[PDB]
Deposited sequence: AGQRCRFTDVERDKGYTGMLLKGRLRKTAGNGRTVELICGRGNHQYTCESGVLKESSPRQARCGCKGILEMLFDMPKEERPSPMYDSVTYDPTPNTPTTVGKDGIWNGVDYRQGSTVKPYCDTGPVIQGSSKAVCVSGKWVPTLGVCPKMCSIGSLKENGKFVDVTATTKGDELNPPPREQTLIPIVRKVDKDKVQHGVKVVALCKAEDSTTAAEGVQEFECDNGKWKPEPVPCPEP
């Protein structure tokens, strides 16, 4: 068996955990797994069944610096799971580039669709429309040909903005 992803994380001090934290973690049973919880289930109260598949979800974007899914093999999750990325700030880009407008061109659920299991329990979350998920693309304006494209990469906009000329 394998210790669960969140159990591993909450065994270490808060300063040693990745930030941000996974929003949810879903475990897929092998075809031979009879029950969801039990001595032969996905979870037996101590650890998680061998061959189970794990898929973390981050509301900040698709995971970075590792794999999006892993399998329980020999007490370890292989390959190494990715961690949650940081979001980027629309207002920060508008300010650093002196842009007149910044509009998102993709939604976070395109690259990072929420699992169905996230609707099972209402967990209250802070909403901040100024933040966009990792991997979301935007377009900024200068107010001819003054249109620049940007991508959110783990809290940083790519590429660096060419600040608009003084009107």
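- The deposited sequence has C-alpha coordinates everywhere except the stretches 1 to 63, 207 to 213.
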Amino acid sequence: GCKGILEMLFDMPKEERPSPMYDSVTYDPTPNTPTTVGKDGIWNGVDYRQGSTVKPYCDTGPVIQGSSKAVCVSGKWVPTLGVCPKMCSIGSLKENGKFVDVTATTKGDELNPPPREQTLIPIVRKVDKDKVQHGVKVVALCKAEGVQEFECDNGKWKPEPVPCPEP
From here on, numbers count along this sequence of modelled residues.
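- For the pair 153 to 161 and 6 to 14, the mean B factor over Cα atoms is greater in 153 to 161.
- The PDB entry records a higher mean C-alpha B factor for 27 to 35 than for its counterpart among 63 to 71 and 27 to 35.
- Across the options 103, 44, 53, 133, the residue with the most elevated CA B-factor in the record is 103.
- Annotation for residue 84: C-alpha temperature factor in the lowest third relative to the rest of the modelled chain, per the entry.
- Split the chain's modelled residues into thirds by C-alpha temperature factor. Residue 40 is in the highest one.
- Split the chain's modelled residues into thirds by C-alpha temperature factor. Residue 124 is in the lowest one.
- Ranked by C-alpha B-factor against the other modelled residues of its chain, residue 116 falls in the lowest third.
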